[PDB]
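The chain below stands alone, shown as structure tokens; this is the form deposited without the named molecule.
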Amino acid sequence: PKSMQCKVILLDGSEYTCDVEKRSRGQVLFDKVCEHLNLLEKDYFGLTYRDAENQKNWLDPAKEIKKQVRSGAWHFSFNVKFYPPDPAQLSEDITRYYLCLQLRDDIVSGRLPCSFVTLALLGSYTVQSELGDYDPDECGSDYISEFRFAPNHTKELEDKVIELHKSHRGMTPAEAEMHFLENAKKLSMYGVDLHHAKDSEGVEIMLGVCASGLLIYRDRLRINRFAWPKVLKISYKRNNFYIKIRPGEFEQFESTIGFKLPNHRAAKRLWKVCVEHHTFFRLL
């Protein structure tokens, strides 16, 4: 029985290696990675890979791995797929831990924009969880943490992490991680998957996919939103993506809204993640 080596970048930046049978469905590899991680609340997570166009794709656990990675390497990342709107309702601390690791990368990468003060507050909770109570011995007036807190580090940000870290004495790791999440979940881009697009008139927009629906970003004026329950049908055709909206009260007709994506793969990718969000957050 012929086996393919899989490599998975974990959220702590370490590499997990295993073998699966070459005709294996994605779920096989996902189950091995979650067992490695001691993760039971698996439904929020997934594996990604980079395609022949170097775009992020979710590995579909119900499809053969070989039919998704096709010509590319069997190289994956373990990621949060569905960001819970209320992480306090997760059953296990370890789930919250992995969600914090993902959010730390969302912040350092700049996918999750964050004010100076919230960068410092999130950093302070991470330091409190992982090192415990503040110790002056380790940190002089010139201390720079090894922890990555932001897309751009400043001395002033390091100073503020330390000042807030002092205020968390006695706080235990699950408690600090819960505080991390109670702050992070409020950020306007929390759990938003962003896709470049153009409207039916050719204006550059961004489409954001998240728990609360499909968001349309044009600039800093007029953020439109379609809550998932209003969305009856999502579809794609060539480079175009369409949403069918329920008729409003007393309206005779449904309305279809059309967008232009970079190419056909990008339209299919956006369709798939919208359908998955719609189903997941209908049920959650």
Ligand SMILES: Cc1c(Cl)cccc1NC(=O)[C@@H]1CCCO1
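Residue numbers here begin at 1 and follow the sequence given. Between two forms, the rigid core is defined as the largest C-alpha subset superposing within 1.5 Å.
Separately, the form solved in complex with the named molecule exists; it is not shown, and the next lines address it.
- Contact between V20 and the named molecule in the deposited complex is not found at the 4.5 Å heavy atom cutoff.
- For the chain shown alone, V231 is a contact residue for the named molecule in the deposited complex, at least one non-hydrogen atom being within 4.5 angstroms.
- Among residues of the shown chain, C274 is one whose heavy atoms approach the named molecule to within 4.5 Å in the deposited complex.
- Once the two forms are fitted on their rigid core, between the shown form and the other one the CA displacement reaches 2 Å or more only for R246 among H36, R246, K56, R222.
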